[PDB]
Amino acid sequence: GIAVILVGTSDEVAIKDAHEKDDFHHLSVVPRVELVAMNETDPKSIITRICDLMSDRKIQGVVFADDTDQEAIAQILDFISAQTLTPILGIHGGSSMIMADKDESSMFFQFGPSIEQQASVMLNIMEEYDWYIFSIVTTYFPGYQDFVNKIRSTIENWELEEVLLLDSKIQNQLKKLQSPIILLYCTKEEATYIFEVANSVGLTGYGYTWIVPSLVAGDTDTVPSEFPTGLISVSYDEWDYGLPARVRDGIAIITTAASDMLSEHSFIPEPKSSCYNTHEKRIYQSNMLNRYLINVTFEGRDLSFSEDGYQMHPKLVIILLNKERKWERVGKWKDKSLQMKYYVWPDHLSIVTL
Amino acid sequence: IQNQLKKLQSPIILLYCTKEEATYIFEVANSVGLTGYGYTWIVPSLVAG
Amino acid sequence: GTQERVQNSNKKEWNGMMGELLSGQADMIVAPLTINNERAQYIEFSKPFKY
Amino acid sequence: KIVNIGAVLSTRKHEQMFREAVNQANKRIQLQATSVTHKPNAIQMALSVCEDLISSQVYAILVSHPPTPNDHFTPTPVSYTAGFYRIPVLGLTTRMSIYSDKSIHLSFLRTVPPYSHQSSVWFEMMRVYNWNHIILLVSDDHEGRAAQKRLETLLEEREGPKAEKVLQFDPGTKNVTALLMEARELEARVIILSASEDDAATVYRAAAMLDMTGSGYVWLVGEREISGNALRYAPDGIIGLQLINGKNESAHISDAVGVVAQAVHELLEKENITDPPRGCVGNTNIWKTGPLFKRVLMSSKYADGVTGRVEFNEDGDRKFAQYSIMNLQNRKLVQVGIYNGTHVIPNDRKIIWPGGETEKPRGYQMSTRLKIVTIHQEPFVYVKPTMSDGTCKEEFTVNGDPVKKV
Ligand SMILES: O=C(Nc1ccccc1)N[C@H]1C[C@H](C(=O)O)Nc2cc(Cl)cc(Cl)c21
């Protein structure tokens, strides 16, 4: 079966609206949608419930979303993925917003963009407003070598200031501050301390503009006070994505994957019986058909993922920290293209010539 | 103080002061500016007393 | 041959005899091969014999 | 404050030995011994982790591997489960690059060096025999990936011997006959090979098929290769490395519990040891004692275990450990030196080298052939289609002397 999990304090009862939209079409094998939600439940409870329900209701595919209790939950099924050989889809939650690479002996791609995708969108913003030079500093957050290599390669086809990795050397490193635009690839917890040290050294208001990726702030509402009254960030999750729309996207993905499956050689994912013993390990040796479950379409666009878990050309938006310590949708992104619906943001002359 | 010391641009650095304050100023210098091979410090007679 | 980006994000390769030297095919070049900075970072040049 | 400690092991008798260890630790805080065995189907273990231990108040855990050939799936379930809280743990056995990096797993410390670092010995193995040219063979697994990483980084930092070619390949290969062909016709004559066990035949039986082991040859592999081939198809004279701990969890227990004891004495000064959250279900509470416990276990130097000076590297494995410079005697095994931490310590025996000569062969032969290539350019290059005989016709210059043509 094809199940869905919606643990978390939300409108789950309402979100079951998508049940009829599933019930009418876009399901060759008509699935058995069924919610098993929970409270702020612990990892072990999560595991036992997941496999117990997948065993009970005869489930052969699943997708869930929850409150951002911890990114570690994304890791926690990476183990069970190959342990039972079933597609997984983390969606709609910061819990499912982190990356989890190299576990790829099994399924569980994700949604949202990649490090590379968001980074290239940062560069797109940089050009579309002609911000010529840029600096960058970061720490051991996942993707440091990836980020530095990507940015060092995409410049051989810029006006950089310098790349810096940090660990009395902090001031002697911050003294190289030379760019008119400053970047950082981090998260909010450390962002408090780093904006603190920034006020300690670097400018904050008119004179510098701070741009950061999606998973620096995590959620969309909290705000440590050391952030300047302006932040160009980019994301998609909690500003346009409706939970019914998201679960519709998911059930569509799994149904069209099932279509490709039953068409190529007509094999259904065999029902894994028990999450307990080696007698269930009999099916565990059966064939695997993961790859070809990735070039399938519905709602028009294609949903091709690379071998690691990120879709191609996501639909993206750019927000800015306004004066009321809030974010506002200021930039559209579609089909590898940018739209900046707001000009330079508050020696100010306006010239004219022919 | 730091936003002023950030303009440090010369290869030679001067100061017209006395020893009592010179303690604190060389302290802040180590805090910001170089001290050994890279800078040479020159001062008048009545800095050391 | 020159440094050219390949696979659209993957690598930088030499599209010709220079590469054939770097690739392991060749062992020495004798032809009117030019000298500049860009190539000098992966080859070793004799003094020039014909300006 | 009675800090109970939990363990998982593969031999119950040595779990009783661990109870002896916790009694000796009581000889020295306040401890309480608890432990659990292991079972197949790691999901059951991911059950038992909190069904037994996390149900209590734990500030350090013990983990060791079974003899089953999983060797990678064995430490991960407990790893993930505890890591949810960032709980420092102590691994005792197979040291593949499971948590070689902090990315997936966060605060684990081990007592056995991972098969990566054995590169470095080779490094100084070069600085003993002055060899400066080298071939390298690696399969594109994570193990070999890190292998190439560490080796190339150390060698570039040595700027001396410079690498020559990083030949990558795939595990599931029946024949690498194509690659060794281009390989064994290059300059140097020394070879390093780090891959899975059964690959050795795939190499070795293919090497002798190309006679790639006769003479003017030197080899160097990893312990898995040594075992799997020195039983099966080892071409004699090949050299490898051997580790002292081998396969026994006993001494590891001694190396482990001592620093576990020495740790608790580092937070009996401010009383920030509030409470390890017992029971798995019930709270997402981050026991923020984790970073402190880890930062202190990263330097809790002791000399308890059978092997003196058991400490940690920035990775948390065995640091400054000891190897034995293994060697083969055409069907037999011997140690001709104990590499002691950093010391250059060989030991006396008939150190044979492939083919069986008491000389130490030079690096390269420096062939006399030189593949040359060139382009078509009339005033520098004239090309002409051959004549009917298989050459192109001779001709004289306007002066009358002949003209070369090739
Ligand atoms: O321009 C080319 N090839 C090309 C051919 C068709 C269309 C466009 C370009 N080659 C150049 C570069 C290369 C050199 O080492 O200078 N060979 C070489 C040798 C000589 Cl003698 C003079 C020149 Cl310009 C060249």
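Please go through the stretch D:364-405 and write out the chymotrypsin sites (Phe, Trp or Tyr not before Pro) that DSSP classes as loop and that have at most 12 other C-beta atoms within 10 Å.
Passing both the DSSP loop test and the Cβ count: D:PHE380, D:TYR382.
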Notebook entry, point to check: Excluding same-chain residues fewer than 8 positions from D:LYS393, which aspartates and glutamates have a Cα within less than 19 Å of its Cα?
Noted result: D:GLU378, D:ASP401
Item checked: Whole-Å distance, taken between Cα centres, linking the stretch A:1-74 and the stretch A:254-313 -> 18 Å
Notebook entry, point to check: So what are the radius of gyration and Dmax for the Cα set of the stretch A:239-331, in Å?
Noted result: 19.2, 62
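With a sphere of radius 13 Å drawn around the Cβ of A:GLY300, what net charge do the other residues whose Cβ falls strictly inside it have (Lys, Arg +1; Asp, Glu -1)? Could you put the intermediate results ahead of the total?
Numbers: positive: A:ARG301, A:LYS315, A:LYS334; negative: A:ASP249, A:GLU299, A:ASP302, A:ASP335.
Within the 13 Å Cβ shell, the charges total -1.
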Note to self: Run through the stretch D:63-122 and list the trypsin sites (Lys or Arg not before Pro) located in a DSSP loop whose Cβ has at most 16 other Cβ atoms within 10 Å.
What the structure shows: D:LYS102
Notebook entry, point to check: What fraction of the DSSP beta bridges in chain A is antiparallel, stated in percent and rounded to the nearest 5?
Noted result: 40 percent
Item checked: Dimensionless Rg ratio for the protein assembly as shown, taking C-alpha atoms and the 2.2 N^0.38 Å reference -> 1.13
Next item on the list: Would you tell me the mean number of C-beta atoms belonging to other protein chains that fall within 10 Å of each C-beta in D:67-77, as a whole number?
Entry: 1
Next item on the list: Would you work out which of A:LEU77, A:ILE115, A:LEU160 lies farthest towards the positive end of the dipole of the stretch A:33-177? Charges go on Cβ: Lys and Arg +1, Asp and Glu -1.
Entry: A:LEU77
Margin query: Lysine pairs in the stretch D:316-384 with Cα distance under 29 Å, only those 8 or more apart or on different chains: how many are there?
Written below: 4
Checklist line | Positive minus negative residues near A:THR187 (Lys, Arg vs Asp, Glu; Cβ under 12 Å) | finding: -3
Notebook entry, point to check: Given the C-alpha centroids of the stretch D:15-78 and the stretch D:144-168, what is the distance between them in whole angstrom?
Noted result: 38 Å
Item checked: Net charge over other residues, Cβ less than 15 angstrom from the Cβ of D:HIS38 (K, R count +1; D, E count -1) -> -2
Next item on the list: Sort D:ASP317, D:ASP141 so the one with the fewest other Cβ atoms within 10 Å of its own Cβ comes first.
Entry: D:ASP141, D:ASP317
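Determine the calculated [θ] at 222 nm for the protein assembly as shown from helices alone, applying -39500 (n - 2.57) to every DSSP H run no shorter than 4 residues and normalising by the residue count; nearest 500 deg cm²/dmol.
Details: 23 runs with 240 residues, N = 860.
Using -39500 (n - 2.57) per qualifying helix, the result is -8500 deg cm²/dmol.
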Check: How are the Cα pair distances of the stretch A:12-112 distributed, in percent, across 5 Å bins from 0?
Finding: 2, 11, 21, 24, 22, 13, 6, 1
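So if the hydrodynamic radius of chain D is defined as the Kirkwood radius over C-alpha pairs, what does Stokes-Einstein give as its diffusion coefficient at 25 °C and 0.890 mPa s, in µm² per second? Don't skip to the end; give the middle numbers.
Details: Rh = 24.9 Å.
Estimated diffusion coefficient is 99 µm²/s.
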Item checked: Cα-derived Rg to Rh of chain B, Kirkwood definition -> 0.95
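In the structure displayed, which of A:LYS44/D:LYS27; D:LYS149/D:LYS294; A:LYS21/A:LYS332 lie more than 32 Å apart, Cα to Cα?
Details: A:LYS44/D:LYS27 35 Å; D:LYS149/D:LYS294 26 Å; A:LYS21/A:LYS332 28 Å.
Violating the 32 Å Cα-Cα cut-off are A:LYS44/D:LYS27.
Where a number appears in this text, it was derived from the coordinates with a stated rule and is not lab data. All Cβ positions, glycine included, derive from the backbone under ideal geometry; neighbour counts span all protein chains shown.
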